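Visitor:
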Amino acid sequence: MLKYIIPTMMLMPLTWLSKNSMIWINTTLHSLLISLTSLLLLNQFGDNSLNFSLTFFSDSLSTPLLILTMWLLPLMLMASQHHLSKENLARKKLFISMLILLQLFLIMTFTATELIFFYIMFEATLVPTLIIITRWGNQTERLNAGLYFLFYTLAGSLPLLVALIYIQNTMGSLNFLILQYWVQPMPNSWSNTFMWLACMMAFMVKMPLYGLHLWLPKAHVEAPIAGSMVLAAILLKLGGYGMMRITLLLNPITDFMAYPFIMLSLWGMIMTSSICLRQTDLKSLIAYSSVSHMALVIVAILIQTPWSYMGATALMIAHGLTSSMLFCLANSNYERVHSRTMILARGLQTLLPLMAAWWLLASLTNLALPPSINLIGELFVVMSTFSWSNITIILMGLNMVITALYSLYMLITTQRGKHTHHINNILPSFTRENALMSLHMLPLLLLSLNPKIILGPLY
Amino acid sequence: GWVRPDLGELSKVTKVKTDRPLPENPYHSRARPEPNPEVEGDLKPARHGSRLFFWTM
Ligand SMILES: CCCCCCCCCCCCCCCCCC(=O)OC[C@H](COP(=O)([O-])OCC[N+](C)(C)C)OC(=O)CCCCCCCCCCCCCCCCC
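The listed protein sequences derive, respectively, from chains M and Y.
Numbered by the deposited numbering, the letters in the first sequence go through residues 1 to 459 in order.
Numbered by the deposited numbering, the letters in the second sequence go through residues 115 to 171 in order.
Right, here's the structure in full:
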């Protein structure tokens, strides 16, 4: 993966040597070129995963996540330039540099074959996200949000390092290829119970799990727009990828250890949809929607059936695109009205019709309108959970009803009704915001034509 | 006919010829423990480098 890392570490001198007015243009251009050359990762074989060297590899699971990361970086680059126009040039270059560094760490995270390398990069993503949130935020509680995010992650994940080093010392290697062939059954004891806990609670705090989700609606509503995109669309999926990689070594203990996390995620997705029904803010609404969808992904990964895995990976890719677009729309409205309250401005369809169309498309894909990949993932998880137990259809259907309710409540309160009277600075939508919306939509709708490329390693 | 020794003569160190055998073990020492084996052989390069976590060299 040296043909994708080296262009990233060459993007860093590109933004550090550019002119005063051409940083955004050049960096957007060359990150789009990297996103184009990312398509060579689709060389997948029906039996063997694509292996590069001793340290890097790419099966069919990490390929959509890699394409999503290196496609997402230009989008944060376009959308993070209207609130940094009045910024010092060195600070703008520092912001861009942390974005490139975070993308480099993310692509060195999914691909790394050896597990402790994946852990090193998985914790290396903590520093630039915290710096972006706590430096280029807007509110007072950004410092508290950074503290909550960092400490939830690290307090959940240092036992993961201890358990991983123990696994290295017992099995003899932490390479993932060898662990597919040197795996052993893990018997019934308290020691294996705490090993399972140490291996799983890090990823499910990052995911997040219900009850441990308190870091998410703080770190999303005080971050900038690019930080919110990279939090919602990629950084939540490190937990899912880690779960998919690490449940290999946790057999046959998961069939009676994963019950309380399943109950937590089911009642948590119900409760977080209910929260979205009574939220006074747009950003917090999208944050709790993310918590609900990630609870769905947790259930799918925990029950570990092939249909659940297909639905899980489709769900992560589709949710990443949808949540990123919703955050972009909310930030455009926040730039227009300079306030975060959903009920403040109303009836924007009469003033901004094309942005209302983009709002409609995002809200429709969020409530899993077929044949989009959102309902593809949701549908596969629904069949898998019905195979697991029948009362899951009751729980899943209640979740779907409340999901449609809050998506259309958000659409009606933001776009429909009588327009507000005393707010008179609603400028027409720029070509930049519309281009960003179209760049979020068009891959998401086009992936319904050929959805076989995001259906996991066991397609 | 006895002549006294001069100065420094009675402190001289002499040689004595006697018939007793030399005691082989005056200290009654037990058998000494076996020493550790000595490191030998040419120094080959390290097998697959460092062999520390993920480092290939
Ligand atoms: C997010 C917040 C909650 C986080 C929860 C995280 C999971 C909870 C449990 C984690 C335990 C610590 C890592 C254990 C890794 C075990 C690996 C292993 O080899 O296990 C088998 C080993 C086996 O024992 P052994 O290796 O000594 O024996 C050799 C093997 N036999 C038995 C055959 C001779 O288990 C242990 O050593 C015991 C593990 C439990 C340790 C209990 C102390 C820690 C308690 C939890 C603290 C959690 C953080 C608290 C603070 C949070 C922030 C404020």
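The beta-carbon is built from N, C-alpha and C at its ideal position, and this holds for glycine as well.
#1: Check whether the Cβ of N192/M sits closer than 8 Å to any heavy atom of ligand 1, and report yes or no.
#2: For the region 306 to 324 of chain M, enumerate the residues whose C-beta is nearer than 9 Å to any C-beta of chain Y, in chain order.
#3: Would you mind telling me which residues of chain Y sit closer than 7 Å to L54/M, beta carbon to beta carbon, in chain order?
#4: Confirm, please, whether the CB-CB distance from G146/M to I234/M is below 9 Å.
#5: Would you identify the three-state DSSP class for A258/M, choosing helix, strand or coil?
#6: Look at the Cβ atom of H82/M, then the Cβ atom of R432/M, and state whether they are nearer than 9 Å.
#7: So, for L455/M: in the same chain, excluding its five sequence neighbours on each side, which residues have a beta-carbon less than 6 Å away from its beta-carbon?
#8: Would you tell me roughly how many angstroms separate the C-alpha atoms of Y409/M and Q415/M, rounded to the nearest one?
#9: Quick check on this structure: which residue in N51/M, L348/M, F430/M, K92/M has the alpha carbon closest to the alpha carbon of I23/M?
#10: Got a sec: does ligand 1 put a non-hydrogen atom nearer than 8 Å to the Cβ of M108/M?
#11: Any residues in the region 93 to 122 of chain M with a beta carbon nearer than 7 Å to a beta carbon of chain Y? Which ones, in chain order?
#12: Say whether chain Y places a C-beta atom closer than 9 Å to the C-beta of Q415/M.
#13: With respect to 8 Å, is the separation between the Cβ of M195/M and the closest non-hydrogen atom of ligand 1 below this value?
#14: Counting Cβ pairs closer than 8 Å, one from the region 121 to 128 of chain M and one from the region 93 to 108 of chain M, do we hit at least three?
#15: Can you tell me whether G211/M is buried or exposed, with buried defined as 16 or more other CB within 10 angstroms of its CB?
#16: Within the 9 Å Cβ cut-off, does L174/M reach chain Y?
#17: Under a CB-based cut-off of 9 Å, is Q304/M close to chain Y?
#18: By the three-class DSSP mapping on this structure, what secondary structure does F194/M have?
#19: Measuring alpha carbon to alpha carbon, tell me which of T63/M, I167/M, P428/M ends up nearest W182/M.
#20: Whose CA, out of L296/M, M355/M, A318/M, lies closest to the CA of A330/M?
#21: CB-CB under 8 Å to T129/M, same chain, minus the five flanking residues each way: which ones, in chain order?
#22: Based on the DSSP output, what are the partners of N175/M in its beta bridges?
#23: Within the same chain, show all residues whose beta-carbon is closer than 6 Å to that of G417/M, passing over the 5 residues directly before and after it, in chain order.
#24: Would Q168/M pass as an interface residue toward chain Y - the criterion being a Cβ-Cβ separation below 9 Å?
#25: Would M243/M and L296/M be called neighbours here (beta carbons separated by less than 9 Å)?
#26: Figure out for me which residue from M396/M, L50/M, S323/M, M200/M has the closest Cα to the Cα of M383/M.
#27: Which runs of the alpha helix (DSSP H) fall wholly inside the region 214 to 301 of chain M and span at least 4 residues, in chain order?
#28: Any heavy atom of ligand 1 closer than 8 Å to the Cβ of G239/M?
#29: Just curious, the alpha helix (DSSP H) that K3/M is in, first and last residue?
#30: So is the beta-carbon of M12/M under 8 Å away from any non-hydrogen atom of ligand 1?
#31: Taking the C-alpha atoms as reference points, what is the distance between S290/M and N450/M?
#32: So, under 8 Å CB-CB, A287/M and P217/M are touching, yes? Tell me the CB distance rounded to an integer number of Å.
#33: Among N333/M, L439/M, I402/M, which residue has its Cα nearest to the Cα of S273/M?
#34: Cβ of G156/M within 8 Å of any heavy atom in ligand 1?
#35: Around the Cβ of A202/M, are there at least 16 other Cβ atoms within 10 angstroms (buried) or fewer (exposed)?
Guide: In terms of the structure at hand:
#1: True, at least one ligand heavy atom lies under 8 Å from that Cβ.
#2: Against chain Y - using a Cβ distance shorter than 9 Å - the region 306 to 324 of chain M contributes no residues.
#3: Neighbours of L54/M on chain Y, chain order: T170.
#4: Note that the C-beta distance between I234/M and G146/M is not below 9 Å.
#5: Judged by DSSP in its simplified three-state form, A258/M adopts coil rather than helix or strand.
#6: Between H82/M and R432/M, the C-beta spacing is below 9 Å.
#7: Only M310 meet the Cβ criterion.
#8: Rounded to whole angstroms, the separation of the alpha carbons of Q415/M and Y409/M is 10 Å.
#9: Closest by alpha carbon: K92/M.
#10: No; taking the cut-off as 8 Å, the Cβ of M108/M has no heavy atom of ligand 1 nearer than that.
#11: Those residues of the region 93 to 122 of chain M that come within reach of chain Y (Cβ to Cβ, closer than 7 Å) are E114, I116, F117.
#12: With 9 Å as the cut-off, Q415/M does not count as an interface residue toward chain Y.
#13: Yes, the Cβ of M195/M comes within 8 Å of a heavy atom of ligand 1.
#14: Here the region 121 to 128 of chain M makes contact with the region 93 to 108 of chain M; the two share three or more CB pairs at distances below 8 Å.
#15: Of the other Cβ atoms in all chains shown, fewer than 16 fall within 10 Å of the Cβ of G211/M; this residue is therefore exposed.
#16: At least one C-beta of chain Y is nearer than 9 Å to the C-beta of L174/M.
#17: Taking 9 Å as the threshold, the shortest C-beta distance from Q304/M to chain Y does not fall below it.
#18: Residue state, collapsed to three classes: helix.
#19: Closest option to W182/M, Cα to Cα, is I167/M.
#20: Closest option to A330/M, Cα to Cα, is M355/M.
#21: Within the same chain, Cβ atoms closer than 8 Å to the Cβ of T129/M are found at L102, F149, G227, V230, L231, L235, the five residues on either side in sequence being excluded.
#22: DSSP lists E114/M as partners of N175/M.
#23: If we look at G417/M and ignore the five residues flanking it on each side, its Cβ neighbours are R346, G347.
#24: So, interface residue.
#25: Taking 9 Å as the Cβ cut-off, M243/M and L296/M do not qualify as a contacting pair.
#26: Answer by Cα proximity: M396/M.
#27: Listed in chain order, they are 216 to 219, 225 to 230, 237 to 246, 254 to 257, 259 to 276.
#28: No, since every heavy atom of ligand 1 falls outside the 8 Å radius drawn around the Cβ of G239/M.
#29: Boundaries of the alpha helix (DSSP H) around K3/M: 2 to 16.
#30: No, ligand 1 has no heavy atom inside 8 Å of this Cβ.
#31: Each residue's alpha carbon lies about 25 Å from the other.
#32: About 4 Å separates the two Cβ atoms, so the contact holds.
#33: Relative to the Cα of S273/M, the nearest Cα in the group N333/M, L439/M, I402/M belongs to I402/M.
#34: For ligand 1, at least one heavy atom lies less than 8 Å from the Cβ of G156/M.
#35: Result: buried.
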